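K.L.:
just the structure for this:
(one chain, ligands or ions: 1)
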Amino acid sequence: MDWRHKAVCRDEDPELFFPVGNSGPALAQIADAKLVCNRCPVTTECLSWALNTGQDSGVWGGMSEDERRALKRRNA
Ligand code: SF4
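P.N.:
Numbers count the residues shown, from 1 in each chain. Right below this line is the structure:
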């Protein structure tokens, strides 16, 4: 389970770890990782990440600030 939780960690969207440039698909790409990464269980990486970014989370997945930007733009 632990490796699986971090399986989706690295198996998410590189766009979630890297801020989008000027493309739109990046939002859809990022958005995909966002749903798959957010619905995945929790790991020490998830808790440690939230503390590093000061984000209130525990049951959900880990998401970067740039990632949230990609999401808001995706919804428009
Ligand atoms: S939700 Fe947390 S444990 Fe799951 S892949 Fe994303 S960062 Fe890793």
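
K.L.:
how many neighbours does the residue in the chain positioned nearest to the ligand have?
P.N.:
For the chain, the residue closest to the ligand is residue 61, as judged by Cβ to the nearest ligand atom, at 2.0 Å. In this view, the C-beta of every residue, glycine as well, is placed from N, C-alpha and C. Residue 61: 25 surrounding residues under other Cβ atoms under 10 Å.

K.L.:
same question, residue 19
P.N.:
Counted with other Cβ under 10 Å, the neighbours of residue 19 add up to 14.

K.L.:
buried residues in the longest helix seen in the chain?
P.N.:
Looking across the chain with DSSP state H, the single longest helix is helix 25-38. Using 16 or more other Cβ atoms under 10 Å as the burial criterion, the residues of helix 25-38 that qualify are 26-27, 29-31, 33-34, 37-38.

K.L.:
is the ligand contacted by that helix?
P.N.:
Yes - if you take Cβ under 6 Å from any ligand atom as the test, helix 25-38 does meet the ligand, through 37-38.

K.L.:
contact partners of that helix?
P.N.:
Helix 25-38 is contacted from outside by 8-9, 11-13, 15-16, 20, 60-63, 67, 70-71, 73-74, using Cβ atoms under 8 Å, 6 or more residues apart in numbering.

K.L.:
what about it, distance to the chain center?
P.N.:
Here the centre of helix 25-38 is set off from its chain's centre by 7 Å, with Cα atoms, centre = their mean, to the nearest Å.

K.L.:
quick thing: my sequence starts at 4, can you match it?
P.N.:
Understood, numbering begins at 4; the last thing we discussed is helix 28-41.
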